[PDB]
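First, one chain by itself: the form deposited in one PDB entry, in structure tokens.
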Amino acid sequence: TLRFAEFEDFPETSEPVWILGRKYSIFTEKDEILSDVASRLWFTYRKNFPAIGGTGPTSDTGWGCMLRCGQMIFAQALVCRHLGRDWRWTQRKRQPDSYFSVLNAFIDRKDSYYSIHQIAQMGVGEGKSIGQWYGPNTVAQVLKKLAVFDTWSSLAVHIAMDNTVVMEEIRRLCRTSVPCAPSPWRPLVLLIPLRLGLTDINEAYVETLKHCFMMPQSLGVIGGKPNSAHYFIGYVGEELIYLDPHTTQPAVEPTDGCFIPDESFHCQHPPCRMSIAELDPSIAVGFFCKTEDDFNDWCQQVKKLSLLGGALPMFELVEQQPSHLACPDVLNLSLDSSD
């Protein structure tokens, strides 16, 4: 569907452009905006990769789109983990060796940690047949189990259910050792599944949703919408900015040596935008906290959200929870009359 989408440049207004925790002016920082979007690892449908499980699909066209959005949000976490948020991709420059290793982790082969092969197979353990629809929560759960194998990145993945982030649980997950007076904290990928409305996002949530893209830790949001999943990376005005997986590219021939031809993993078309009002209410918001200090900063930023006209918080932060019978499976809404 991306192939026949309409693309607009459609700046040039005073409204700040926010991409993954960084603020830009369309008037003066247009190139920096476009560089930042193009630098993100983009994952689309692929064809002619090795058959999944020997006998299954050789392409994910028409079924893989939430899996691709899951790949993009997790790739961005790996980019921050290994390369840093300041890293940018440029043609005609040599990228760090860690860049090709991150990219290597998503190529369409069973020996890559987060290949479509590994995601689809792991999804079976989640009750989902190869070809079935994944919501944000199932894709998040799959990425957690997949990351266990990735000793290179050594990430902690926490999926915060019940609209609650429990700080003691995060420390339990991330602390590798008792803290002194790499490393002592497993870099954290925090994913928070949410349901923000009945068929539409409740507009009380809108300002809280925007601020989620405004944190240094922001990984963006994955969301959809059967067969129309997007990776939202930011916003301008009343529109989200997103990366879209809906185009089928030839699989890239796996890596003999360090170098991988990487042009097709970088979105160079005008960035997609849609009204926040068009957004399906089932989402997962991500944050990356590389050190405990980042996590503490993120916690402070969440507390400051509990004020102003709206927020209107979509999740709560608590030090500890009386956990002797609870859930998942639980998401919460939060419906007015007559929703």
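A residue's number is simply how far along the shown sequence it sits, counting from 1.
What comes next is about the form deposited with a partner chain bound, which is not displayed.
Answer with yes or no whether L143 is in contact with the partner chain in the deposited complex, where contact means some heavy atom within 4.5 Å. Judged by the heavy-atom cut-off of 4.5 Å, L143 is well away from the partner chain in the deposited complex.
Determine whether any heavy atom of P313 comes within 4.5 Å of a heavy atom of the partner chain in the deposited complex, and answer yes or no. Within the cut-off, so yes.
Could you confirm whether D150 comes within 4.5 Å of the partner chain in the deposited complex, counting heavy atoms only? No, no contact at 4.5 Å.
Taking any heavy atom pair closer than or equal to 4.5 Å as contact, tell me whether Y45 reaches the partner chain in the deposited complex. Because a heavy atom of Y45 falls inside 4.5 Å of the partner chain in the deposited complex, the answer is yes.
In the deposited complex, do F49, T55 and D108 all put a heavy atom within 4.5 Å of the partner chain? Contact check failed for every one of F49, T55 and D108.
Heavy atom within 4.5 Å of the partner chain in the deposited complex - the one residue of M214, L173, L198, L83 that qualifies: Of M214, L173, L198, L83, the residue with a heavy atom within 4.5 Å of the partner chain in the deposited complex is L198.
Name the residue from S101, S264, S112, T164 that puts a heavy atom within 4.5 Å of the partner chain in the deposited complex. Of the listed residues, the single hit is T164.
Name the stretch: of 267 to 275, 286 to 294, 22 to 30, 56 to 64, exactly one has residues whose heavy atoms fall within 4.5 Å of the partner chain in the deposited complex. It is the stretch 56 to 64.
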